[PDB]
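Visitor: If it helps, the file is called structure_29.cif and holds mmCIF, C-alpha atoms:
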```cif
data_work
#
loop_
_atom_site.label_atom_id
_atom_site.label_comp_id
_atom_site.auth_asym_id
_atom_site.auth_seq_id
_atom_site.Cartn_x
_atom_site.Cartn_y
_atom_site.Cartn_z
CA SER A 2 0.59 14.85 18.42
CA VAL A 3 2.99 15.44 15.53
CA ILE A 4 0.46 13.83 13.17
CA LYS A 5 -1.80 16.69 12.09
CA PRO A 6 -5.48 16.35 11.08
CA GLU A 7 -4.29 16.81 7.50
CA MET A 8 -0.95 15.45 6.29
CA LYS A 9 0.71 15.77 2.89
CA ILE A 10 2.32 12.82 1.11
CA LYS A 11 5.33 12.67 -1.21
CA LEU A 12 6.76 9.42 -2.57
CA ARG A 13 9.06 7.80 -5.07
CA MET A 14 8.80 4.19 -6.21
CA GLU A 15 11.52 2.54 -8.24
CA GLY A 16 11.22 -1.01 -9.41
CA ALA A 17 10.96 -3.69 -12.05
CA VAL A 18 8.23 -6.14 -13.10
CA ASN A 19 9.20 -9.08 -15.32
CA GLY A 20 12.38 -7.09 -15.96
CA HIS A 21 10.70 -3.85 -17.01
CA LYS A 22 12.18 -0.99 -14.99
CA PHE A 23 10.08 2.00 -13.93
CA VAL A 24 9.94 5.03 -11.66
CA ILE A 25 6.73 6.49 -10.25
CA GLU A 26 6.38 9.68 -8.23
CA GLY A 27 3.42 10.67 -6.11
CA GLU A 28 2.00 13.67 -4.30
CA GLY A 29 -1.06 13.58 -2.09
CA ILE A 30 -2.89 14.55 1.05
CA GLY A 31 -4.97 12.65 3.59
CA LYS A 32 -6.70 12.75 6.97
CA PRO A 33 -4.81 10.26 9.19
CA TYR A 34 -7.40 10.17 11.99
CA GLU A 35 -10.21 9.71 9.46
CA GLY A 36 -8.33 6.96 7.63
CA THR A 37 -8.58 8.57 4.19
CA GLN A 38 -6.09 9.73 1.56
CA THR A 39 -5.72 10.61 -2.12
CA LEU A 40 -2.57 10.34 -4.23
CA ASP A 41 -1.73 11.67 -7.68
CA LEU A 42 0.80 9.34 -9.29
CA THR A 43 3.03 9.94 -12.32
CA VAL A 44 5.13 7.46 -14.30
CA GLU A 45 8.42 9.29 -14.56
CA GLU A 46 10.45 6.48 -16.13
CA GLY A 47 9.51 3.32 -18.02
CA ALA A 48 6.31 4.59 -19.63
CA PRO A 49 4.09 3.05 -20.86
CA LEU A 50 3.83 0.36 -18.17
CA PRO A 51 3.33 -3.07 -19.77
CA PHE A 52 1.59 -4.54 -16.72
CA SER A 53 -1.54 -3.99 -14.63
CA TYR A 54 -1.24 -0.87 -12.47
CA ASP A 55 -3.35 -2.61 -9.81
CA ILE A 56 -0.41 -4.73 -8.60
CA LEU A 57 1.31 -1.49 -7.49
CA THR A 58 -1.39 0.30 -5.61
CA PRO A 59 -1.22 -1.33 -2.17
CA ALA A 60 2.47 -0.28 -2.10
CA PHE A 61 1.46 3.36 -2.57
CA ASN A 65 1.05 3.83 4.78
CA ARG A 66 -1.03 2.57 7.72
CA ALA A 67 -0.72 5.95 9.51
CA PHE A 68 -3.80 6.67 7.38
CA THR A 69 -6.02 4.35 9.41
CA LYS A 70 -8.85 5.27 11.75
CA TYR A 71 -7.82 3.65 15.05
CA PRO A 72 -10.20 3.31 18.01
CA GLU A 73 -8.66 4.82 21.14
CA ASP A 74 -8.67 1.39 22.84
CA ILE A 75 -6.37 -0.15 20.18
CA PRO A 76 -2.84 1.25 20.28
CA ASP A 77 -1.90 2.97 17.03
CA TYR A 78 1.53 1.56 16.15
CA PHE A 79 1.80 3.71 13.05
CA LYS A 80 0.97 7.16 14.44
CA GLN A 81 3.14 6.41 17.49
CA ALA A 82 6.12 5.75 15.25
CA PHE A 83 6.40 9.42 14.27
CA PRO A 84 8.22 11.79 13.93
CA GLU A 85 10.95 9.14 13.51
CA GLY A 86 8.94 6.91 11.18
CA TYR A 87 8.72 3.24 10.29
CA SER A 88 9.42 0.82 7.45
CA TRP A 89 7.68 -2.20 6.00
CA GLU A 90 8.59 -5.30 4.01
CA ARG A 91 5.92 -7.10 1.99
CA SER A 92 5.58 -10.25 -0.07
CA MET A 93 2.72 -10.62 -2.52
CA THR A 94 2.27 -14.17 -3.78
CA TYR A 95 -0.18 -14.51 -6.68
CA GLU A 96 -2.08 -17.72 -7.49
CA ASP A 97 -0.36 -18.18 -10.89
CA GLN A 98 3.20 -18.03 -9.46
CA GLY A 99 3.76 -14.34 -10.10
CA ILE A 100 5.52 -12.88 -7.05
CA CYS A 101 6.17 -9.34 -5.90
CA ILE A 102 8.25 -8.14 -3.00
CA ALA A 103 8.30 -4.53 -1.85
CA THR A 104 9.83 -2.32 0.82
CA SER A 105 8.97 1.17 2.01
CA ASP A 106 10.84 3.53 4.32
CA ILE A 107 8.48 6.16 5.69
CA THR A 108 9.68 9.41 7.20
CA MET A 109 8.15 12.71 8.15
CA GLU A 110 9.23 16.33 7.86
CA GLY A 111 6.80 19.04 8.94
CA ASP A 112 3.27 18.34 7.71
CA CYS A 113 4.35 15.78 5.07
CA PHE A 114 5.11 12.05 4.93
CA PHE A 115 7.86 10.84 2.60
CA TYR A 116 8.05 7.29 1.17
CA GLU A 117 11.04 5.57 -0.42
CA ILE A 118 9.57 2.50 -2.09
CA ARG A 119 11.25 -0.43 -3.84
CA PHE A 120 9.00 -2.77 -5.86
CA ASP A 121 10.09 -5.94 -7.64
CA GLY A 122 7.99 -8.54 -9.36
CA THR A 123 8.72 -11.56 -11.51
CA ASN A 124 7.47 -14.79 -13.06
CA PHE A 125 4.10 -13.36 -14.11
CA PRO A 126 2.72 -15.49 -16.99
CA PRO A 127 2.97 -13.62 -20.32
CA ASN A 128 -0.69 -14.27 -21.13
CA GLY A 129 -1.85 -13.86 -17.53
CA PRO A 130 -4.12 -11.08 -16.23
CA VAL A 131 -1.25 -8.94 -14.97
CA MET A 132 0.81 -8.73 -18.19
CA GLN A 133 -2.39 -8.58 -20.31
CA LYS A 134 -3.95 -5.85 -18.11
CA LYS A 135 -7.20 -7.73 -17.38
CA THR A 136 -7.59 -6.56 -13.78
CA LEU A 137 -10.42 -4.27 -12.68
CA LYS A 138 -9.83 -3.47 -9.01
CA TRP A 139 -9.05 -5.01 -5.64
CA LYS A 140 -11.71 -6.62 -3.50
CA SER A 141 -12.01 -5.11 -0.01
CA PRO A 142 -11.09 -7.86 2.48
CA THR A 143 -10.40 -7.57 6.19
CA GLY A 144 -6.74 -7.89 7.10
CA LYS A 145 -5.28 -9.19 10.35
CA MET A 146 -2.71 -7.31 12.43
CA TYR A 147 -0.75 -9.19 15.06
CA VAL A 148 2.48 -9.09 17.03
CA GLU A 149 5.15 -11.79 16.92
CA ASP A 150 7.87 -11.49 19.58
CA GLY A 151 7.71 -7.69 19.65
CA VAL A 152 7.22 -7.19 15.91
CA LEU A 153 4.02 -6.00 14.16
CA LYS A 154 2.83 -8.17 11.27
CA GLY A 155 -0.01 -8.09 8.79
CA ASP A 156 -1.62 -10.83 6.72
CA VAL A 157 -4.41 -10.43 4.20
CA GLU A 158 -5.85 -12.68 1.52
CA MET A 159 -6.35 -10.30 -1.40
CA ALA A 160 -8.01 -10.68 -4.77
CA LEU A 161 -8.21 -8.74 -8.00
CA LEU A 162 -11.46 -8.74 -9.91
CA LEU A 163 -10.96 -9.65 -13.58
CA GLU A 164 -12.52 -8.75 -16.90
CA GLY A 165 -15.23 -11.29 -17.66
CA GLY A 166 -16.26 -11.82 -14.05
CA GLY A 167 -13.48 -13.91 -12.49
CA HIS A 168 -11.06 -13.25 -9.63
CA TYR A 169 -7.32 -13.54 -9.15
CA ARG A 170 -5.92 -14.18 -5.69
CA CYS A 171 -2.87 -12.96 -3.85
CA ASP A 172 -1.49 -13.70 -0.37
CA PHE A 173 -0.08 -10.57 1.32
CA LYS A 174 2.38 -10.81 4.20
CA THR A 175 3.82 -7.66 5.76
CA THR A 176 6.33 -6.96 8.53
CA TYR A 177 6.39 -3.50 10.13
CA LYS A 178 9.26 -1.87 12.02
CA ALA A 179 9.03 1.41 13.93
CA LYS A 180 12.31 3.32 14.26
CA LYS A 181 11.71 3.59 18.03
CA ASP A 182 9.93 1.48 20.64
CA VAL A 183 6.21 2.23 20.79
CA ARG A 184 3.24 0.61 22.54
CA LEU A 185 2.45 -2.66 20.74
CA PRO A 186 -1.23 -3.33 19.98
CA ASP A 187 -3.00 -6.60 20.69
CA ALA A 188 -4.17 -8.57 17.66
CA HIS A 189 -6.83 -6.74 15.63
CA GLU A 190 -8.28 -6.22 12.15
CA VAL A 191 -8.08 -3.53 9.49
CA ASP A 192 -10.69 -2.88 6.82
CA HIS A 193 -9.44 -1.27 3.60
CA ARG A 194 -10.98 -0.03 0.39
CA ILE A 195 -8.60 1.07 -2.36
CA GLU A 196 -9.69 2.56 -5.68
CA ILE A 197 -8.26 4.21 -8.73
CA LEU A 198 -10.49 7.28 -9.04
CA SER A 199 -9.11 8.35 -12.42
CA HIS A 200 -6.31 7.57 -14.87
CA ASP A 201 -5.13 8.56 -18.33
CA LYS A 202 -5.03 6.04 -21.18
CA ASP A 203 -1.87 4.13 -20.20
CA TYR A 204 -2.00 4.95 -16.47
CA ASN A 205 0.89 7.39 -16.79
CA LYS A 206 -1.29 9.57 -14.57
CA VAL A 207 -3.34 7.95 -11.80
CA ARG A 208 -5.43 9.30 -8.92
CA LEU A 209 -5.65 6.76 -6.11
CA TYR A 210 -7.87 6.74 -2.99
CA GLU A 211 -7.83 4.59 0.18
CA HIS A 212 -10.08 4.39 3.22
CA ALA A 213 -8.98 2.30 6.20
CA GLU A 214 -10.33 1.56 9.67
CA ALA A 215 -9.11 -0.65 12.53
CA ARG A 216 -11.28 -2.73 14.86
CA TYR A 217 -11.23 -5.87 17.03
#
```
Can you give me the file's structure in the form of structure tokens?
Guide:
Amino acid sequence: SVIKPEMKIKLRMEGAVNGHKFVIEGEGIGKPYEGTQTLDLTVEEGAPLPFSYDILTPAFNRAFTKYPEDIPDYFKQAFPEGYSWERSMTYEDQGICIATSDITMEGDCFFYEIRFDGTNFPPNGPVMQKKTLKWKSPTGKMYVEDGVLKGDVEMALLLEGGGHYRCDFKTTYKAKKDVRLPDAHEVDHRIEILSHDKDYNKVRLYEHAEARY
């Protein structure tokens, strides 16, 4: 396979949230067959970010998923050519984000070109007031609709003071070439900010992910 036991990551995200433009760059490494990865992220433009960093982190690659051999791996099959995704993230207080990522590969390194846009977050809401702690770890569903791979997951951010803040994720995936399509299945994720500086200009981000029926 062209996916090595260890793969590097390089990315660039450009976007805007409630009109505030930003650019974030990332460099990392992961073990695709183990489903693990770590990213170091740097706010290159638009610092300091006036919104919760947590809304960004699921945008920062399902190739880093442990797939059982009896479930076809859409994401590892898509390389070297790559794949893209389109995602809507609909929060319970009418804040909405939409994002896209084009994922390519050159040598032992993935490259992401990410666009992230968000709007209509309440000014005194948990996102613009930075009251989010971390994402819960729900199980997401993967399924195919007329030859296209889709994902749906009901997400939630834990809040300061003990509450939770929900978000509906819908993703569409597109391999550059035809690959074996999997039957419907699930993916477990855990995503965590391991470290950050005061205003999250620097962030170290970790994900573990595993597929199952």
Visitor: So, with all atoms listed in the file as the atoms that count, which of A:99, A:84, A:186, A:76 lies closest to residue 124 of chain A?
Guide: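 When distances to residue 124 of chain A are compared using all atoms listed in the file, the smallest one comes from A:99.
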Visitor: Going by the chain IDs and residue numbers used in this file, which residues fall under the PyMOL selection byres ((chain A and resi 157-166) around 8)? Write them as a PyMOL selection string.
Guide: chain A and resi 130+135-145+155-156+167-174
Visitor: Considering all atoms listed in the file, state which residue in the set A:113, A:93, A:103, A:44 is at the smallest distance from residue 31 of chain A.
Guide: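 The shortest atom-to-atom distance to residue 31 of chain A comes from A:113.
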Visitor: With distances taken over all atoms listed in the file, which residue among A:122, A:86, A:129, A:49 lies nearest residue 108 of chain A?
Guide: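 Looking at the shortest contact to residue 108 of chain A, the residue is A:86.
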Visitor: Contacts of residue 150 of chain A at 12 Å or less, counting all atoms listed in the file, minus same-chain residues fewer than 3 places along, as a list in words?
Guide: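 Everything that qualifies: residues 147, 153, 154, 185 and 187 of chain A.
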